[PDB]
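*Asks:* Numbering (the authors' numbering), first residue to last: 1 to 209. In this text, a Cβ means the ideal position worked out from N, Cα and C, and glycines have one as well. Just passing along the structure, written as structure tokens.
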Amino acid sequence: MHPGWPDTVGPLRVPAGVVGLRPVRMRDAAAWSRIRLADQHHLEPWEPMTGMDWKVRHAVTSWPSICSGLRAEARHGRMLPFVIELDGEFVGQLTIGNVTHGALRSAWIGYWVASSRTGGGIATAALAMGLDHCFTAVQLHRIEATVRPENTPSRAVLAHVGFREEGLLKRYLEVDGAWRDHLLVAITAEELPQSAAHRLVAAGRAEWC
Numbered sequence: 001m002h003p004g005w006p007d008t009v010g011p012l013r014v015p016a017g018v019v020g021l022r023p024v025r026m027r028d029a030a031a032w033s034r035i036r037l038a039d040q041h042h043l044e045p046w047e048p049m050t051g052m053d054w055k056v057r058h059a060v061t062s063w064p065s066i067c068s069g070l071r072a073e074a075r076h077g078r079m080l081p082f083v084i085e086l087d088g089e090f091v092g093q094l095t096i097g098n099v100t101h102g103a104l105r106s107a108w109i110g111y112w113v114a115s116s117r118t119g120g121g122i123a124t125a126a127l128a129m130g131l132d133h134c135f136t137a138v139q140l141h142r143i144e145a146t147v148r149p150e151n152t153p154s155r156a157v158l159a160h161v162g163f164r165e166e167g168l169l170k171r172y173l174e175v176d177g178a179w180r181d182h183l184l185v186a187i188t189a190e191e192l193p194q195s196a197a198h199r200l201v202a203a204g205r206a207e208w209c
């Protein structure tokens with residue numbers, strides 16, 4: 001029904017500190033709202049449009065409905081909504097979405113990290129451990145991601161873990177006021193002779209924790 005959920009993932013050490021993943025909770029309202037509100041300019045140009053005012057969407061009071069929705073999708077096996085912890089503290093999210101099994105066994109992956117904590121390897125470690133979790137506990141074959149060509153930091157994160165570019169989705173998603181092209185990148189389980197975490201440690205981007 002929902003292999004690999006709920007669960008915790010990690011940990012791995014990056015220059016910024018110790019990174020792990022764990023399920024979204026109701027108590028995350030305060031940190032999620034504080035960070036998302038403060039980081040509007042860092043986040044809005046890269047995330048799908050909600051048709052809502054950014055400050056009403058990210059009020060502390062909005063989280064219960066959002067968290068309940070995320071956990072309901074997770075109980076259905078369609079999503080794995082993780083929080084990224086840095087030294088045990090909420091600093092971002094890693095979401096595995098549109099999960100399918102059967103003959104497809106694929107999903108998309110997405111993430112964000114608080115701007116004040118960027119450039120310290122957090123998203124790269126979160127992606128690697130999330131990918132490893134998908135290819136083991138979630139029993140998936142393939143993980144994809146959609147990323148605007150202009151999103152140089154995110155393309156670097158995806159490149160660190162070994163994603164391949166597979167195509168260009170024209171006018172794919174409403175982002176920052178218009179339909180925007182997104183690159184489609186992907187990786188399959190049989191492309192990792194070692195885990196993605198092992199690859200990061202070998203490349204000097206993480207340490208075993």
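For the region 84 to 99 and the region 45 to 55, state whether three or more C-beta atom pairs, one from each stretch, are separated by less than 8 Å.
*Replies:* At 8 Å Cβ cutoff, the stretches do not touch.
*Asks:* Helix, strand or coil for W208? Go by DSSP, reduced to three states.
*Replies:* Taking the sequence shown and counting its residues from 1, one reaches residue 208 at position 208. Here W208 sits in strand by DSSP.
*Asks:* If distances are taken between C-alpha atoms only, which option among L140, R148, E190 comes closest to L104?
*Replies:* By 1-based counting over the sequence shown, the position of residue 104 is 104. Cα-wise, what sits closest to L104 is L140.
*Asks:* Tell me whether the beta-carbon of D28 lies closer than 8 Å to the beta-carbon of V113.
*Replies:* Locating residue 28 in the sequence shown gives position 28, counting from the first residue. Locating residue 113 in the sequence shown gives position 113, counting from the first residue. Cβ distance not < 8 Å, so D28 and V113 don't count as in contact.
*Asks:* Going by beta carbon distance, what residues of the same chain come within less than 7 Å of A59, once the five residues before and after it are set aside?
*Replies:* Walking along the sequence shown from the start, residue 59 turns up at place 59. Only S33 meet the Cβ criterion.
*Asks:* Per DSSP, what kind of secondary structure is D181 in: helix, strand or coil?
*Replies:* By 1-based counting over the sequence shown, the position of residue 181 is 181. DSSP places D181 in strand when its eight states are reduced to three.
*Asks:* Give the DSSP-derived three-state secondary structure of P153 in the structure shown.
*Replies:* Locating residue 153 in the sequence shown gives position 153, counting from the first residue. In this structure, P153 counts as helix in the three-state DSSP scheme.
*Asks:* Pop quiz: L86 and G17 are said to be a contact at Cβ under 8 Å. What is the actual Cβ separation, rounded to whole angstroms?
*Replies:* Along the sequence shown, read from residue 1 onward, the residue named residue 86 stands at position 86. Along the sequence shown, read from residue 1 onward, the residue named residue 17 stands at position 17. Correct: roughly 5 Å between the Cβ atoms.
*Asks:* Among the residues of its own chain, which have a CB less than 7 Å from the CB of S115, if the five just before and after it don't count?
*Replies:* Your numbering for residue 115 matches position 115 in the sequence shown. Hits under 7 Å: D39, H42.
*Asks:* Could you compute how far the alpha carbon of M26 sits from the alpha carbon of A202?
*Replies:* Locating residue 26 in the sequence shown gives position 26, where the first residue counts as 1. Locating residue 202 in the sequence shown gives position 202, where the first residue counts as 1. Their Cα atoms are separated by approximately 37 Å.
*Asks:* Here's a check: name, in chain order, each residue in its chain whose Cβ is nearer than 6 Å to the Cβ of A206, leaving out the five neighbours to either side.
*Replies:* Here residue 206 is taken as the residue at index 206 of the sequence shown, counted from 1. Closer than 6 Å at the Cβ level, and outside the excluded window around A206, lie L12, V14, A125, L200.
*Asks:* So the candidates are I122, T118, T136; which of them puts its Cα closest to the Cα of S106?
*Replies:* By one-based count along the sequence shown, residue 106 stands at place 106. Out of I122, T118, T136, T136 has the C-alpha closest to the C-alpha of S106.
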